[PDB]
Amino acid sequence: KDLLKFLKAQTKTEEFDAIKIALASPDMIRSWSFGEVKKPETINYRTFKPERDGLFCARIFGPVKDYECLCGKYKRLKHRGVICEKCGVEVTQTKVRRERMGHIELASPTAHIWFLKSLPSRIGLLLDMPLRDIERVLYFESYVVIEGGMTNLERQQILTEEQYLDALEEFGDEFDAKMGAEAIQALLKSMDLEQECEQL
Amino acid sequence: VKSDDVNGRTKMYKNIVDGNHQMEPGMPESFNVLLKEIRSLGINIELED
Amino acid sequence: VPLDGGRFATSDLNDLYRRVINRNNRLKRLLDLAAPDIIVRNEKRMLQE
Amino acid sequence: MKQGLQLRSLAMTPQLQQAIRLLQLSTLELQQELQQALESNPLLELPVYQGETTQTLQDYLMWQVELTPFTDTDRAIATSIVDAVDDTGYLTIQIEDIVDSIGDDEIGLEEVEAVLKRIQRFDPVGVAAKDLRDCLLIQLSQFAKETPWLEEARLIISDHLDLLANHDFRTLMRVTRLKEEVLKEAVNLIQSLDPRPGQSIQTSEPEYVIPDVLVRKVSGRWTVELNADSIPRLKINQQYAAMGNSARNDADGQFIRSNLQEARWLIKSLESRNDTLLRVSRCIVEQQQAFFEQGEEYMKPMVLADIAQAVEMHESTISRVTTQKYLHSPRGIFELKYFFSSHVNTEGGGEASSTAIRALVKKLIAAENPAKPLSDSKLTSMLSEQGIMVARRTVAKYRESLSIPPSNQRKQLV
DNA sequence: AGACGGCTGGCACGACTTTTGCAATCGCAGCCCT
DNA sequence: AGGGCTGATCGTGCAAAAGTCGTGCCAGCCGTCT
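Residue numbers (the entry's author numbering), protein chains in the order written: chain Z, 2 to 201; chain P, 1293 to 1341; chain S, 253 to 301; chain R, 1 to 8, 10 to 46, 107 to 475.
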């Protein structure tokens, strides 16, 4: 970096005309996701130092107060793209420290308190094929039928945990039935709204 | 100008001292922070034109 | 928001990334170990709760 | 009495040995290790904030740099100077370090020096001092030349720092040829040059201490209480404990039982470390209550074998786990090894130590002429008068340990 | 205007500490090797 | 049909080589008054 435009590039703004608000897919969600921190610790009065992969942790949530790092390596504002090995965090302006959220995966779903709670209970539309059954499906405790025409069960059919076990025992390995989402929301995930729109 | 985010305070002071008397629309700096939100940018259909 | 200086007392600024990394790493480890459906499901419930 | 038949155990090695080795570590060393271990076990258990501003510390210097007209490179170099400033207020990393970290040929020594000189005295005067000395020259030059004896002070500050370092006023007067005691006004003004103008704010140096225990000296007999909040607690996941016996699969039960055994061994290791620490700490606080009360000057010769014999402490587990224990008491924050003071000779059945000697030597050098400090021979005489009998060899050696100038080198013009 | 003198730290030896590097053969009996 | 052979369990020290302090000891040096 010639440093003749780095500060110049630091100050910028957009028009933001005709802004839209809508959902997305997890790709951009992890595109925002950058770091990985482990601990819930707030601050250590033992050394008055930031938590290591904790809250307000280094190698996470953006730069450090100075261009100096928490470990101490590559401590200069002149160092722009060099990443110290001791703790990997971008050494730059603290403004980006406000402009860095994270993404938390934990690899599994649960209840969305988005539907059936607001003045409009989108539940039915939100759960689509489940139709206000996504909340019940948020328990991984039914493993309802996913597919299976050989078994006398619809693909989008409710098979509670006991119902799932009975189907697996009776229909053998023909009555496919999965959970997470458990009651109906997985079959919602395996559904097409075009037929539902035509039927409605 | 009239509040809290001293971030463009430096720009305002520099412009006034230069007699520039100029400001940049930018973003509600706090709505730029609300984008920082955006369900963690989860809602960014923002079609900035 | 440290009022007294000795203790910060983060006024509603807790981080659940603790739970995030805990559950994700535990799930990654136990997944290779064919974890019980019960433990996996409890982690699932608390994971997206 | 004699020999015939009769008579009749053993310890464990490797796994128990590893668990024991974990405890000789530091407190936070044990805490981070516990976190990393618990990362595995499935059977165990108002956007931001700010300080003084405009008065914004190093960031105030960064802002005053952002408060002046400069290009992208000038601002970047000023930021490199400001961010590379230590808690003493001087430029922590020089221009060369910033150039090396950047690796940019466009940023040059001349450009960096110009940007730093533009940021030499803005808020406050003498920031990023880059080894304050030319910072002192900058303070003198920024100070009005109408101040009397300013020429003498500037001449002294130019290249006579070494002569003033030894407090050799005679050498300074002979070298600079300054009028004797007329340069005293200049020297006093140099004393009031506001060093650490950066540290004035940058010395916001925070205080850090995590004593492993607290000695309340509760009505005498210094009452040592273990830092239970600083003592971690190992919890076993009882849900896993109730979810393994019902496991009709033997492999899951075996893995759970092995994990439980390992976790129990670890928790027992931590608890044994804590308990042995508490017992030995009680023994030492009994031994170092005089060190706790009167202080390091009255710090008795304390040793582990003597303490182990005195308190029936562990003969070798103690020698292992003794590392890294800290205590907060009326004296202050003291290390575990800091409690034990070396052995020194004392006649008439009395006894002597090392920390006692250090504090006594500090007092004796304090009890010396400001022009002429106490000789190592004089320190030996003082120690013998105290009954310590340190002698000149150990006196000079400990004064070196105390890191103070003795007589012929602390000598100053009165 | 060179020696005194204590500094003052380099150098020394042992004397107290100290850290790591160290797990088994059980126990039968069935299974594998011969 | 007979031998090998297997480890499921078997857990608060020490010891050992090393290091490191205490105290001494020693060698040059500078302030100075000769």
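Where is the CB? At the ideal position from N, CA and C, for every residue including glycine.
Identification of chain S residues near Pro43/R by a Cβ-Cβ cut-off of 7 Å yields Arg278, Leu282 and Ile291, ordered along the chain.
Exposure of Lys66/Z is indicated by the presence of fewer than 16 other C-beta atoms within 10 angstroms of its C-beta. Judged by DSSP in its simplified three-state form, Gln300/R adopts helix. Nearest CB-CB separation between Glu113/R and chain P: not below the 8 Å threshold. Cβ-Cβ distances below 7 Å link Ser263/S to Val253 in the same chain, with the five nearest sequence neighbours on each side left out; the list follows chain order. Rounded to the nearest whole angstrom, the CA to CA distance from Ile218/R to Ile199/R is 11 Å. With respect to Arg98/Z, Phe62/Z sits close: the two C-beta atoms are nearer than 8 Å. The alpha-carbon separation between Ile251/R and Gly150/R amounts to approximately 18 Å. A check of alpha carbon separations from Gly411/R across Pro391/R, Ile449/R, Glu461/R and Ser202/R identifies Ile449/R as the nearest. For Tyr165/Z, there is no enclosing beta strand (DSSP E); the residue is found in the alpha helix (DSSP H) stretching over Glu162 to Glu171.
Against chain S, a Cβ distance below 7 Å from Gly181/Z picks out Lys296.
Our two residues, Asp158/R and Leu170/R, have alpha carbons roughly 11 Å apart in a direct line.
The contact set of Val1293/P on chain R, defined by CB atoms closer than 9 Å, is empty, because the minimum CB distance reaches about 16 Å. When Cβ-Cβ separations below 8 Å define contact, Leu321/R makes no contact with chain S. In this model, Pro467/R and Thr407/R are separated by some 25 Å (Cα to Cα). With a beta-carbon spacing of about 18 Å, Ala189/R and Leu201/R fall beyond the 8 Å limit used to define contacts. Rounded to whole angstroms, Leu275/R and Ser291/R show a C-alpha spacing of 11 Å. Distance between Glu162/Z and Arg270/S, taken at the CA atoms: about 31 Å.
Following the DSSP letters along the chain, one finds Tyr387/R in no alpha helix (DSSP H) but inside the beta strand (DSSP E) bounded by residues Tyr387 to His389. Among the residues facing chain S, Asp165/R is not included, as its CB has no counterpart in that chain under 8 Å away. Listed along chain Z, the residues sitting closer than 7 Å to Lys1328/P by beta-carbon distance are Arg99, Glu100 and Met102.
Distance from the CA of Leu194/Z to the CA of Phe172/Z, rounded to the nearest whole angstrom, comes to 29 Å. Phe352/R has its alpha-carbon roughly 25 Å from the corresponding atom of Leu26/R. Per DSSP, reduced to three states, the secondary structure at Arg182/R is strand. In this structure, the beta-carbon distance from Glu295/S to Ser191/Z does not fall below 8 Å. About 4 Å separates the beta carbon of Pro272/R from that of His389/R, a gap short enough to meet the 8 Å contact definition.
Under the criterion of beta carbons closer than 8 Å, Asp177/Z and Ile147/Z qualify as touching, at roughly 5 Å. Three or more beta-carbon pairs separated by less than 8 Å are not found between the stretch 319 to 332 of chain R and the stretch 354 to 362 of chain R, which leaves the two stretches without contact. A residue is called buried once 16 or more other Cβ atoms fall within 10 Å of its Cβ, and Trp283/R is buried on that count. For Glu347/R, the enclosing alpha helix (DSSP H) starts and ends at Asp311 to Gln348.
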